[PDB]
Amino acid sequence: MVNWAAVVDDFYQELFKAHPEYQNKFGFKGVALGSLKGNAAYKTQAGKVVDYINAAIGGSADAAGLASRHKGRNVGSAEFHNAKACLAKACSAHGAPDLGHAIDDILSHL
Ligand code: HEM
C-alpha cells in the first residue's frame, strides 16, 4: 500500500515550513517541526488526515463536511490552496498519486 502516513508527515513539514503560523491552530502549537512525530496531539491529527485521504480514495469522504469544519476554525480557500501545493510536493516525494482532485472537492465548498 502507498505509505500515506509518510506522505502526511512530509505534508505537514512542507506546510508549516511555508506557513509556520498555521501550526498555532493545532494542539501541537509551539512544537519544533523535527519533533512533531513524538508529539501526541500531532500523532492523532496526522492519523485523521491519513484517514481522510483513504476515505477520499475509497469514495466515502465528506468534502462538504470537512470544508465546514475548517471554516469553523477560520480556515479558508487561501489556506487550502497553499495546502494543495504542499500536498503535491509530499505526494511527489513518495511517488504517491497526487491528491489535487480531492482538495479541489474541498475547495468547491470554501
Ligand atoms: C490538504 C489539506 C487538508 C486536509 C486534507 C485536512 C484534513 C483535516 C482533517 C481530516 C481534520 C480532522 C477533522 C475532524 O476531526 O472531523 C482536520 C482538522 C483541522 N485542520 Fe485540517 N486539513 C487540511 C488543511 C488544513 C490547513 C491548511 C489548516 C490551517 C491551519 C488546517 C487546520 C485544521 C485545524 C485547526 C483542525 C482542527 C484540529 C484540532 O481539532 O485540534 N487544515 N483537517
Side-chain angles (χ1 to χ4, degrees):
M1 355 178 96
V2 168
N3 188 351
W4 291 117
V7 173
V8 167
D9 288 337
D10 279 336
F11 162 69
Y12 273 123
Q13 292 297 306
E14 291 289 340
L15 186 73
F16 299 138
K17 281 176 212 187
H19 298 94
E21 71 282 9
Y22 286 177
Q23 195 181 337
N24 291 333
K25 296 193 159 174
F26 296 88
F28 45 88
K29 171 176 189 211
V31 175
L33 290 193
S35 66
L36 286 174
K37 283 185 210 176
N39 172 276
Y42 170 83
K43 283 185 237 223
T44 285
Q45 174 57 26
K48 291 180 174 198
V49 182
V50 171
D51 284 346
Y52 186 81
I53 289 167
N54 284 138
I57 293 164
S60 67
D62 180 3
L66 192 66
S68 183
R69 283 170 182 71
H70 283 80
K71 292 187 198 175
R73 302 296 181 128
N74 291 325
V75 177
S77 52
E79 293 96 327
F80 271 81
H81 282 282
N82 300 154
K84 187 182 168 184
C86 293
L87 190 61
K89 302 175 166 194
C91 291
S92 190
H94 292 270
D98 189 89
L99 289 165
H101 292 90
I103 309 300
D104 283 347
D105 282 341
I106 301 160
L107 276 161
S108 73
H109 291 108
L110 298 169

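We count ligands from 1, going down the list as the structure has it; atoms in each ligand are counted the same way. If you read the sequence from its start, that first residue is 1, and numbering goes on from there. Only heavy atoms go into these numbers, but all of them, side chains included; no hydrogens, no water, no symmetry mates.
The protein non-hydrogen atom at the shortest distance from atom 35 (C) of ligand 1 is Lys25 O, 3.4 Å. Atom 36 (C) of ligand 1 has as its closest protein heavy atom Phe26 CE2, 4.0 Å. Remark: minimum distance from atom 11 (C) of ligand 1 to any protein heavy atom is reached at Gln45 NE2, 3.8 Å. Scanning all protein heavy atoms for the shortest distance to atom 26 (C) of ligand 1 gives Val75 CG1, 4.1 Å.
Annotation for ligand 1: atoms under 4.0 Å from non-hydrogen atoms of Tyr52 are 10 (C). Less than 4.0 angstrom separates some heavy atom of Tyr22 from each of these atoms of ligand 1: 30 (C). The contact set between ligand 1 and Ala83, taken as ligand atoms under 4.0 Å from a residue heavy atom, comprises 1 (C), 2 (C), 27 (C). Counting atoms of ligand 1 from 1 in the listed order, those under 4.0 Å from a heavy atom of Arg69 are 16 (O). Set against the non-hydrogen atoms of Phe80, the atoms of ligand 1 under 4.0 Å away are 2 (C), 3 (C), 23 (C), 24 (C).
Other residues, nucleotides and ligands contribute at most 12 non-hydrogen atoms within 6.0 Å of the NZ atom of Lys89. Counting non-hydrogen atoms of other residues, nucleotides and ligands closer than 6.0 Å to NZ of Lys37 gives a total of 12 or fewer.
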Could you walk me through whether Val7 and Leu87 pass the side-chain contact (heavy atoms from CB on, under 4.5 Å) test, one step at a time?
CA-CA 8 Å; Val7 173; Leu87 190 61; 4.3 Å; yes
Could you walk me through whether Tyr52 and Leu66 pass side-chain contact (heavy atoms from CB on, under 4.5 Å), step by step?
CA-CA 9 Å; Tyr52 186 81; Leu66 192 66; 3.6 Å; yes
Test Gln23 against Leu36 for side-chain contact (heavy atoms from CB on, under 4.5 Å), laying out the working first.
CA-CA 11 Å; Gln23 195 181 337; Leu36 286 174; 4.0 Å; yes
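The side-chain heavy atoms of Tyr42 and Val31, taken from C-beta on, include no pair separated by under 4.5 Å.
Once rounded to the nearest 0.5 Å, the distance linking SG of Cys91 with CZ of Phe11 reads 9.5 Å.
Among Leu107, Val50, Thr44, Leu66, the residue whose heavy atom sits closest to atom 9 (C) of ligand 1 is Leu66. When the heavy atoms of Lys48, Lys84, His70, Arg73 are ranked by distance to atom 43 (N) of ligand 1, first place goes to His70.
When heavy-atom distances to ligand 1 are checked against a 4.0 Å cut-off, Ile103 comes that close only through its side chain, counted from C-beta outward.
Residues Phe16 and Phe26 bring their aromatic ring centres within 6.0 Å.
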